[PDB]
Amino acid sequence: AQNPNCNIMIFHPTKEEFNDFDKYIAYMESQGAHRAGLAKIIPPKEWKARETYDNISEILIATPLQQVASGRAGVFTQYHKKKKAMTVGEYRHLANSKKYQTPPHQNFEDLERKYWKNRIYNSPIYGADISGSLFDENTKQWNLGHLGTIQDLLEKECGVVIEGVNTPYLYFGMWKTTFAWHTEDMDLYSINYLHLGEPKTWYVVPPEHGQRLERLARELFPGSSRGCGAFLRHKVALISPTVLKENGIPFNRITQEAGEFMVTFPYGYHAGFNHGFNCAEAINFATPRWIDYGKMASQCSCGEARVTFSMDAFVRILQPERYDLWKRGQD
Ligand SMILES: O=C(O)CNC(=O)C(=O)O
Ligand SMILES: [Mg+2]
Ligand code: NI
Ligand SMILES: [Zn+2]
């Protein structure tokens, strides 16, 4: 078995190997990459996502989210408070302000310490989930706006044509902006490209150990657990690496820098934070190996998780028994 300790693997494809996305994901899996739950892909030196980022300031963040925490430093939840609209120019200025800027630090490790020590005492503002793309239409390789769609994958594998569309999202981050512990909708893959700015640190639990994370989360968030059998779908809970180590949860960590791709694999729980002003783009995708995970994915039916138009058809076709109850939650 390849990669039995489930370590995060880093790949360096040649320009030739960067042509066929599907084939490269399948190569990574042949080397065991999926066992970790997350892989890093460094693009060939010849490649570029677009010519410059000099003209992005007028993009609108219609609903910036202030991430307010509750709990203790290592075990907390966050809620998203809606703020007034602002442009990317305005947001970048705010990120760089004395109130919100990254503090002086020695290295990534010192910054990670400071994050886990101090995150709960601040409420950073995240420009998340903005429909759109920063890839140039002429970038032919690994263009996240030009991937094969999940609807077409399900049709190719299973023969059923379904409604729905699949488009990328932009994330504008600042220091301490946080992504809570989650897997993707319907335990899909995700791909994330860090277009610009400061790094993003990731934590991941191997898919084969996901249920261990879920059991710990039920213990640490007992009211949430009673309210919903799949409350991590709400994307609000944080558990620190110290806490995971104390409870024997297997995980790994890695920092993504500007110009690098990360891929999350089906049922790979992940969480993390941004080091300072940055812009990432991400999208869900599928492969033939995803189908079985989609069929088994948990669902939130308490009504909190509330998801995209396109998830309807995935539930309807892959989880017909669940469909009725899940849709009650959606309505
Ligand atoms: O970048 C973020 O805030 C969150 N991204 C992801 O969870 C992802 O790409 O799967
Ligand atoms: Mg602009
Ligand atoms: Ni994700
Ligand atoms: Zn729920």
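Side chains included, hydrogens not; waters and symmetry mates left out as well; all remaining heavy atoms used. Numbers for residues simply follow the sequence, beginning at 1.
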Heavy-atom count check: over 12 atoms from other residues, nucleotides or ligands less than 6.0 Å from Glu16 CD? yes

So, do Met262 and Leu38 sit near enough that their side-chain heavy atoms are less than 4.5 Å apart? yes

If only atom types and distance count, is the side chain of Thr139 paired as donor or acceptor with the main-chain N or O of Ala49 below 3.5 Å? yes

Are any of the side-chain heavy atoms of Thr177 and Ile125 separated by less than 4.5 Å? no

Counting distance only, does the side-chain N/O of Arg233 pair as donor-acceptor with the main-chain N or O of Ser298 below 3.5 Å? yes

Treating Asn278 as the side-chain partner and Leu196 as the backbone partner, does any N or O pair qualify as donor plus acceptor under 3.5 Å? no

Any link between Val307 and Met296 through a network of hydrophobic side chains (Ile, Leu, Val, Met, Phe, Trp, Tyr) touching at under 4.5 Å? no

Quick check: do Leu238 and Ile120 have side-chain heavy atoms less than 4.5 Å from each other? no

Identify which one of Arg35, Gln2, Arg289 satisfies the side chain to side chain contact (heavy atoms under 4.5 Å, CB included) criterion when paired with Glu29. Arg289

What's the spacing between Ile239 CD1 and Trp116 CH2 if we round to 0.5 Å? 8.5 Å

May I ask you to decide if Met311's main-chain N or O and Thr308's side chain share a donor-acceptor pair within less than 3.5 Å? no

Reported OH-to-OG1 distance for the pair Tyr189 and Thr287, which is rounded to 0.5 angstrom: 3.0 Å

Assess the pair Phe135 and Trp142: is the distance between their ring centroids shorter than 6.0 Å? no

Between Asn107 (side chain only) and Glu109 (backbone N and O only), is there a donor and an acceptor less than 3.5 Å apart? yes

What's the shortest heavy-atom distance between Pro207 and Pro266, and which atoms? CG-O, 3.5 Å

Decide yes or no for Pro124 and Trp175: does some side-chain heavy atom of the first lie under 4.5 Å from some side-chain heavy atom of the second? no

What distance do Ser240 atom OG and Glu112 atom CD have between them, rounded to the nearest 0.5 Å? 9.5 Å

Sub-3.5 Å donor-acceptor pair from the side chain of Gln319 to the main-chain atoms of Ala297, do we have one? yes

Going through the checks in order, is the side chain to side chain contact (heavy atoms under 4.5 Å, CB included) test met by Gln211 and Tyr267? CA-CA 10 Å; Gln211 291 90 353; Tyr267 197 63; 3.5 Å; yes

Can you label the angle between the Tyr203 ring and the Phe251 ring as parallel, tilted or perpendicular, going by 30° and 60°? tilted

For a quick test of reading the model, state the closest non-hydrogen atom pair linking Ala258 to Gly197 and the distance between them. CB-O, 3.7 Å

Establish whether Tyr323 and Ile162 are linked, either directly or via other cluster members, by ILVMFWY side-chain heavy-atom contacts under 4.5 Å. yes

Closest non-hydrogen atoms of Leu188 and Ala286, given as atom of the first, atom of the second and distance, are CD2-CB, 3.9 Å

Donor-acceptor contact present, side-chain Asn3 to main-chain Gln31, <3.5 Å: no

With rounding to the nearest 0.5 angstrom, report the OG1 to CE distance, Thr63 to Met86. 10.5 Å

CD-CD1 distance between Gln256 and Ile10, expressed to the nearest 0.5 angstrom: 11.5 Å

With the side chain counted from C-beta on, respond yes when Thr178 and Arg119 share a heavy-atom pair under 4.5 Å apart, and no when they do not. yes

Please find the pair of heavy atoms, one from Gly248 and one from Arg212, that lie closest to each other, and give the distance. O-NH1, 4.3 Å

What are the two closest non-hydrogen atoms of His146 and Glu137, and how far apart are they? CE1-O, 3.4 Å

Does any non-hydrogen side-chain atom of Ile191 lie less than 4.5 Å from one of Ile41? no

Report the C-alpha distance between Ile254 and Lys40 in whole Å, list the side-chain angles of each, state the deciding distance to 0.1 Å, and finish with yes or no for side chain to side chain contact (heavy atoms under 4.5 Å, CB included). CA-CA 9 Å; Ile254 192 168; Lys40 181 177 289 193; 3.9 Å; yes

For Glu184 and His182: C-alpha separation, side-chain torsions, deciding distance, then whether side chain to side chain donor-acceptor pair (under 3.5 Å) applies. CA-CA 7 Å; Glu184 308 302 307; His182 68 284; 3.3 Å; yes

Show your reasoning for whether ring-ring contact (aromatic ring centres under 6.0 Å, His included) applies to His93 and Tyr91. CA-CA 5 Å; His93 192 263; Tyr91 181 89; over 10 Å; no

Closer than 3.5 angstrom, by distance alone: can the side chain of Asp136 be matched with the main-chain N or O of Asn138 as a donor-acceptor pair? yes

Please walk me through it: do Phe221 and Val236 pass side chain to side chain contact (heavy atoms under 4.5 Å, CB included)? CA-CA 11 Å; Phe221 302 98; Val236 296; over 6 Å; no

Do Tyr27 and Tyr24 pass the ring-ring contact (aromatic ring centres under 6.0 Å, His included) test, and can you show the C-alpha distance, the side-chain angles, and the key distance before you say yes or no? CA-CA 5 Å; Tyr27 171 70; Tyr24 202 83; 5.5 Å; yes

Got a donor-acceptor contact below 3.5 angstrom from the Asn96 side chain to the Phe277 backbone? no

So does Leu134 get a backbone contact from the side chain of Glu281, meaning a donor-acceptor N/O pair under 3.5 Å? yes

Could you tell me how the ring of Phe18 sits relative to the ring of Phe261: parallel (under 30°), tilted (30 to 60°) or perpendicular (over 60°)? perpendicular

Step-by-step ring-ring contact (aromatic ring centres under 6.0 Å, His included) determination, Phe21 to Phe285: CA-CA 11 Å; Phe21 183 84; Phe285 72 94; 5.3 Å; yes

Begin from the C-alpha positions of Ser190 and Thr264 and carry the test side chain to side chain donor-acceptor pair (under 3.5 Å) through to its verdict. CA-CA 5 Å; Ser190 69; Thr264 83; 2.8 Å; yes

Interatomic spacing from OG1 in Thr242 to NZ in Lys117 - rounded to 0.5 Å: 12.0 Å

Classify the ring geometry between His275 and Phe273 as parallel (under 30°), tilted (30 to 60°) or perpendicular (over 60°). parallel

Residues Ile8, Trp202; criterion side chain to side chain contact (heavy atoms under 4.5 Å, CB included); working and verdict: CA-CA 11 Å; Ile8 294 164; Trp202 299 70; over 6 Å; no

Contact between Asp312 and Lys327 at the side-chain level, heavy atoms closer than 4.5 Å - yes or no? yes

Out of the candidates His80, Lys176, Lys81, only one should pair with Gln67 under the side-chain hydrogen bond (donor to acceptor under 3.5 Å, both in side chains) rule; please name it. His80

For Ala85 and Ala62, which heavy atoms make the closest approach, and how far apart are they? CB-O, 3.3 Å

With a 4.5 Å limit on heavy-atom distance, are the side chains of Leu194 and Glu260 in contact? no

Carboxylate-amine/guanidinium contact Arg316 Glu163, below 4.0 Å: yes

